[PDB]
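> Please find the sequence and an experimentally derived structure below.
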Amino acid sequence: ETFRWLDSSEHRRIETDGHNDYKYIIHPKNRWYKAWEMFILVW
Amino acid sequence: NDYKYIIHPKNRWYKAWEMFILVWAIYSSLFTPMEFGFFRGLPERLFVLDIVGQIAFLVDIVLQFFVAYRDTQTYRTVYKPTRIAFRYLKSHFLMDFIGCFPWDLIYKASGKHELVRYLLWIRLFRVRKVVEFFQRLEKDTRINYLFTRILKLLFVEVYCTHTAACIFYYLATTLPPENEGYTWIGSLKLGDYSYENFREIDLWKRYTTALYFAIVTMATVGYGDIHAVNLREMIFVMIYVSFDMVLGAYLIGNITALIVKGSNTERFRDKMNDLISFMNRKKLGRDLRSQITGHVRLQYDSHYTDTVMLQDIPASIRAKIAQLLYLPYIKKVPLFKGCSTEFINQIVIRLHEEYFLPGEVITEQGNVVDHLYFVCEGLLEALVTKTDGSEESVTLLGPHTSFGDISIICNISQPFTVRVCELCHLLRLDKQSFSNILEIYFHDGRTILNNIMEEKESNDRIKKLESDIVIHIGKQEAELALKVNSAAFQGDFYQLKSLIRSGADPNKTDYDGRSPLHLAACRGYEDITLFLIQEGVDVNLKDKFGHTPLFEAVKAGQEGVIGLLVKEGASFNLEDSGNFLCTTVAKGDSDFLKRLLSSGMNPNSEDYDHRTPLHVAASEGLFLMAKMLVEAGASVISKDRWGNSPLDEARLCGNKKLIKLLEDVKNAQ
Amino acid sequence: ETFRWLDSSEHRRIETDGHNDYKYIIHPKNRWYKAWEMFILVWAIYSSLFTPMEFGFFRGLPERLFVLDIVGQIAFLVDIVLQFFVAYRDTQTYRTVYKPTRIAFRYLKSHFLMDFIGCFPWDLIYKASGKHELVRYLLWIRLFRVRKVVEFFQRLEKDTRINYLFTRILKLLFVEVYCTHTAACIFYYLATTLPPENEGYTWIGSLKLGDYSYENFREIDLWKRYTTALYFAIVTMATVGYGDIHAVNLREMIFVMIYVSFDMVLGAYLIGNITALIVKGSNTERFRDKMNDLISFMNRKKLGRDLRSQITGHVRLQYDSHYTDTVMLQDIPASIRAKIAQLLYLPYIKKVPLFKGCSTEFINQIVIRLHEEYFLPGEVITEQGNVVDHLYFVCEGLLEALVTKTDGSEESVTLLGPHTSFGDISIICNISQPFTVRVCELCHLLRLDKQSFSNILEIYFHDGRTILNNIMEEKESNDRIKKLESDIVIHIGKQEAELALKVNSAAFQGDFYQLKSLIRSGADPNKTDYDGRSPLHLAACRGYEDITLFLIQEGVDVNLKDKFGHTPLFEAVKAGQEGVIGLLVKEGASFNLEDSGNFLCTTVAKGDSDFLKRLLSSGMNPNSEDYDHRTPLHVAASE
Amino acid sequence: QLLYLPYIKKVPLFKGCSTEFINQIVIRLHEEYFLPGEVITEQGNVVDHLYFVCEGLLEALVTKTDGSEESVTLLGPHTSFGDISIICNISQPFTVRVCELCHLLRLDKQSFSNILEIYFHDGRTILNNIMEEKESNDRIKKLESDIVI
Ligand SMILES: [K+]
């Protein structure tokens, strides 16, 4: 029943999947990925 | 379909011909203004193109005589040829038949008159097929409504610009070539190019020039490099701009109307936007804000189960929906066990789905409830509460359970604040509809009252002969006991059984005793008494007069029902039996006393004076009945309150023919 | 309080003010006067279109068009004096006033002088008074004859056949044109206001379109100058504006700056009214709104592919044809909805063969609780082997009752055409539905519930017995399938066998309203079946009343010996009781009882001074005796 | 208290009541209008609202089975039908039609029972007024309704 309620639900589980491994992957809502998303926006 | 030569309109080989003649009608109604305006008879390059093209619309006329249609008043497909023929001949045959005449060959073989060339303007009764295509596309939910509502308005603004360009060039051709300077194209010079002697310019330069004027005019840009100089072209562009002004206003109106009539996503978006503005204005917390947003998102994503979308669908279709969705969730409920299927079909119609997040509150402690809830999924809990903030998890209401039924039938406030611990799927049912169908179906309300008492063993409120739901049931059960007793009085054995098999009880009594066994025994209907005994009845039931059905059987006189009641526990239990036996000796009806001590009361009982019935029998001379009264009675030595054995009482009667009986029990000592 | 609402009530008072006196004042709905209103509307349309063309394009009318505007002024001079004899359909006091001093007034202080100045000859006055230019500006008074066109669009806005937001669009489209006709006439007049030697500094004297030069422009034909000016004004109104014709003077620049500022507001108002018409949605998008609201809840509930095609079929049936507007009808109260139902359904229910001559109140109670329903062909309504929850009456269409033997042998039992009912032989009975009622043609069934046709069937017991007699006076249902049930529910006694029991249970429970609703409709007996009881034997005494009014009604027979030998005085005195035995004795109650002496000796023997003093106080002679002829003193001296 | 209070003060049901009870009554009223001829209550029904006439000439008639009727009274202004069907929990015995342009004031039965159970001295005064004006032919007891309990 709750699998119908996917995005209308708890939705905050990024904490475990943050830095499992791979050591390079930048989060989208970073701060250095907001000095790029405006610099190359005005580019 | 007993014809086999009539095509169904929803065929898959005919629906490939509709989209073929749609393409041929999109072409042949866009070339027809170009054939009227830009030529004066077609060249020999386009002769074969004009011959086939009036043939694909000539076999379509024949094919429309062999296609069934749906009737408008009976909604049946009409496969009759003489009906589809007379439907085609009176609706669309004439404008499609004279439209596919070879009008160019009729023009060239009539001395080339210009008025026989205006007759090819009835080939625009082929945008009828585009109109029918858009009408079929509007009555199909697979296609979007922003793809259809203005796309058909960006089609009239193609047709009425191409046609206006063709008429605007045609008006330039209506003046002779000596008067070319007084025309819109003859007086035209764009750049270093001059459009003089314009009928030897190639077709696509003239067409692109006229269409450039028509589209720049239609968009109300209007550069004025191309304008009208004549007095016929002034009139035409006045008509044309006064038509495209309201056409552009209609386009802006349709786009604005489909923008201001937004989807439910935008309404929910602005609702969540100003709710988030209220939550950030009031400085709310973290889990509280998530609870508010989750509740309104649950309501938006789950409000689609509202039954007010369905209140034009008829009953026995809404009932089938409610029996497909809700009936397996009501059949497995411990409250409704033993209830008939009619009551459950009346239950499932008036149910409303509800969803709650894990932590909201459904019912509260101090409140009398107004909805009976059924749990489909979820793991709701029941919390009684004290004055000093205490909580006690009394009951864990899982799936297949109900709460609030005790607070409706007994009309009490709710005992438990019901908080929900999971994502639940509750089913509302208001107390008014529940109570109404309880006093409508009282034979199932009695079984509900018997189910509500057991689980709680009536923790309290047990008589609960307080709320009407528990009264109206008592009143209807009483009047149905009256009705089944009237059926049992006269011979209505089939009617009696139809009353009993409709959920009755053959043990509920009348206003003063009077079970159906009582009336069936006093009337002597032996089959009815067999049905009542094998159904299961208290055969020793008493009245407000102190009467058993055995007593009414022996008072009536039918020995068959007398013998039929005594094969079970007949058992008279009659109080004041002594004075009753003495007063039936007093009335002296000997066959009634034969019925009395046949299988019954002991004849050694006593009246207010301590005397046996054989004492009062042997006081006037009643040998024919004193013989009967001495048949089973014993202990003949018994004195009165006066102190008299019945032998010395039988002495002074003055009749000696019953003293012959007095030498009978002289050996039992 | 009808002075507060003179609009909701007192709408059409007609009687006492049609022919008061004066016999001349025409009501403003006469067929001979509304044939003059269209005539003066055509004259007003012509005289308002020709007036700017008379002003701008001429300096005094020629020798022709003289009889034309003479009769144009005569046809309005007639209408000037004709409105002194036309009534005064009023605003606040809703009655057509016939008083011809409130007809001369309300007109003289209104459109009279603007309509009497406009009938003076202003081109004979012009040519008589030395040909002055400012006496020709009084032709513009004749644009007050657009009242007759704006009154036509007010008598059309309150006409319900055409949408009011469409008459507003037609009114704006008659304001858009005639403001391009008047602007064309003023734009040509502003070119004639310059001398003919300064004609090269005008919009038309400095014009050259194609190879034709518009020089010496006062000698061109009138229909070339008018078409040129109107072409400018219409391509300016549409905001196309080619610029082949443009303003040249300052007096033309000022007029174009006024005119495009007026047309911008007018075009924005036209776009707004068209958009306001379109947002009031059509039939197709109001179908598709709830259709996409019902495709979802059919995709997530996972309904079957046949039930989905039935639901979509019924939704496409309530739209696109057969506009069942009960959802609009629900604002109307129950009394007026009952009057609507008695108008619409009584021609159909009275011709049903089930109701062969019942009472009119019973058929009224039937048609109060009816619902209209439409079904496509191929639908199954009531299938064989299920309980019947609704009673259906076929108003129009064609149905089909079928039955199967073993292997789906669907043979046509009957064909239920119009004025037929099905589901009737199983609400009367308590059996299953015996036929699969399938739909052949598009039907219009009238649905009655099962519980309504049990309440109004047990209330109206004479009509219920008439309905059972209508069912049995048939071929005993061998026209259908010969499913004979006994003889239906047979005569089941609701005359005396259950109604005396019903009124006796009403007396036993103590319901006075049910008691008097039963007995004031007749049928007050003195006997119960299955016993010798009475509505006096129950209520009065044993119950001891509940309700004090149980003894005064109808004066029923006291001293009725029941099946167990108890008079109602004995039942009132056994339960002791002290109101009915105080009250029954003045009504002539008696203590008749067989072996009363033996009963008194037994009440001596048990010992009950209250019981025996209530026996003796309510009338009892203690010299009656028993089988041994012993008085109650002979046993009250025993122990 | 300035729109409805002169109407509710001169009601024979609320005679002798405290002014605070009337001030609690007048808040929950709903102004209603009816043209001369509709029906607002029927023959057998426990009524859902208590009404007060302000300017109107409603009639209260009892219907029979065979279509007939007779008016037991003529409810003019400053009258209150309803209440005896509410506070005795019985059905309203009269089909209350209307003969003029009436000016009723609704009051639902749950809120009326709430104000009666909170202010019980005025409830006893209302019970006394109904027991003398209806004359209390029976149910001087009237413990069938939980309001009196
Ligand atoms: K322009």
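Perfect, thanks for sending it. Residues are numbered from 1 along each chain as shown, chains lettered A, B, ... in the order given.
> Every contact and neighbour count from this point should use C-alpha atoms.
Fine.
> ok, how many other residues are close to residue 7?
Chain wasn't specified; assuming chain A. 9 (other CA atoms under 10 Å in any protein chain shown).
> To clarify, I was referring to chain B.
19.
> Can you find the residue of chain A that comes nearest to chain C?
residue A:4 (9.6 Å; CA to the nearest CA).
> Go over the secondary structure and confirm that residue is in a helix.
No - counting by DSSP: H, G, I helix; E, B strand; the rest coil, residue A:4 is not part of a helix but coil.
> neighbours around it, how many?
9.
> again, but for residue B:134
Neighbours around residue B:134, by other CA under 10 Å: 16.
> how long is stretch B:303-319 end to end?
20 Å (CA to CA, to the nearest Å).
> Contacts (any at all) between chain A and that stretch?
No - Stretch B:303-319 does not reach chain A (CA under 8 Å from any CA of the partner chain); its nearest approach is 13.8 Å.
> contacting residues around whatever residue of the stretch 351-500 of chain B ends up closest to chain C?
The nearest approach of the stretch 351-500 of chain B to chain C comes at residue B:489, 5.7 Å away (CA to the nearest CA). Neighbouring residues of residue B:489 by CA atoms under 8 Å, 6 or more residues apart in numbering or on different chains: B:516, B:519, B:520, B:523, C:529, C:530.
> Reformat those into a markdown table and put distance to chain A next to each item.
As requested, the contacts of residue B:489 are exported to a markdown table (distance: CA to the nearest CA, whole Å):
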| residue | distance to chain A |
| --- | --- |
| B:516 | 54 |
| B:519 | 59 |
| B:520 | 58 |
| B:523 | 63 |
| C:529 | 61 |
| C:530 | 61 |
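> Considering the residues you listed, which is situated nearest to residue B:79?
Residue B:79 lies nearest to residue B:516 out of the contacts of residue B:489, by CA to CA, at 64.8 Å.
> What count of nearby residues applies to the closest one?
29.
> By proximity to chain B, which residue of chain A wins?
residue A:8 (6.5 Å).
> Hmm, residue B:299 and that residue touching each other?
No - applying CA atoms under 8 Å, one finds residue A:8 not in contact with residue B:299, separated by 10.6 Å.
> of all of the stretch 251-400 of chain B, which residue lies closest to the ion?
residue B:252 (19.8 Å; CA to the ion).
> was I right about that residue contacting residue C:271?
Yes - Residue B:252 lies in contact with residue C:271 (CA under 8 Å); the separation is 7.4 Å.
> doesn't residue B:619 make contact with residue B:655?
No - Residue B:655 lies out of contact with residue B:619 (CA under 8 Å); the separation is 9.9 Å.
> quick one: which of those two has more around it?
residue B:619 (19 against 13).
> quick one: the more buried one from chain C, how far?
Spatial separation of residue B:619 from chain C under the definition CA to the nearest CA, to the nearest Å is 9 Å.
> Quick check: that residue is in a strand.
No - checked against three-state DSSP, residue B:619 lies outside a strand; its state is coil.
> Contacts only, for it.
Contacts of residue B:619 by CA under 8 Å, 6+ apart are B:646, B:649, B:650, B:653.
> what about residue B:384, which SS state?
strand.
> that older thread, can the contacts of residue B:489 go into a markdown table with extra columns for distance to residue B:576?
Shown next, in a markdown table, are the contacts of residue B:489 (distance: CA to CA, whole Å):
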| residue | distance to residue B:576 |
| --- | --- |
| B:516 | 25 |
| B:519 | 23 |
| B:520 | 25 |
| B:523 | 25 |
| C:529 | 28 |
| C:530 | 25 |
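> How many neighbouring residues does residue B:460 have?
The burial count for residue B:460: 9, using other CA under 10 Å.
> Likewise for residue B:262?
Number of residues near residue B:262 (other CA under 10 Å) recorded here: 10.
> any idea how far residue B:254 is from residue B:413?
Residue B:413 is 55 Å from residue B:254, by CA to CA.
> swap in residue B:546?
In terms of CA to CA, residue B:546 sits 88 Å off from residue B:254.
> and the next element down the chain from the helix ranked longest in chain B?
Of all segments of type helix in chain B, defined using DSSP state H, the longest is helix B:232-260. Per DSSP states H and E, helix B:232-260 leads on to helix B:264-281 as the next helix or strand towards the C-terminus.
> Could you pull out the buried residues of that next one?
B:272, B:275, B:276, B:279 (16 or more other CA atoms under 10 Å in any protein chain shown).
> Run through who's touching that helix.
B:289, B:293, B:296, B:300.
> Measure how far that helix is from the centre of its chain, please.
35 Å (CA atoms, centre = their mean, to the nearest Å).
> right, and the helix or strand after it?
helix B:287-302.
> do that following helix and chain C meet at all?
No - against chain C, helix B:287-302 shows no contacts by CA under 8 Å from any CA, the least distance being 9.5 Å.
> Can you pull the residues of chain B lying near chain A?
B:294, B:297, B:298, B:377, B:423.
> Just list the residues touching the residue lying closest to residue B:122 once chain neighbours are set aside, thanks.
Nearest residue to residue B:122, sequence neighbours excluded (CA to CA, 6 or more residues apart in numbering or on different chains): residue B:99, at 5.7 Å. Residue B:99 makes contact with B:120, B:122, B:123, B:125 under the criterion CA under 8 Å, 6+ apart.
> Among those, which lie within helices?
Per DSSP H, the contacts of residue B:99 never map to helices.
> Save those as CSV, and put in neighbour count and distance to residue B:211 too.
As requested, the contacts of residue B:99 are exported to CSV (neighbours: other CA atoms under 10 Å in any protein chain shown; distance: CA to CA, whole Å):
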residue, neighbour count, distance to residue B:211
B:120, 20, 21
B:122, 15, 22
B:123, 22, 21
B:125, 15, 23
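> Now do the helices in chain A.
Under DSSP H, chain A gives helices at A:39-42.
> Pull up the residues of it that are close to chain B.
So far as CA under 8 Å from any CA goes, chain A lies against chain B at A:1, A:2, A:8, A:9.
> Now restrict these to buried residues only.
Applying 16+ other CA under 10 Å to those flags residue A:9 as buried.
> now the residues of chain A next to chain B in CSV, with distance to chain C?
As requested, the residues of chain A next to chain B are arranged in CSV below (distance: CA to the nearest CA, whole Å):
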residue, distance to chain C
A:1, 12
A:2, 14
A:8, 16
A:9, 18
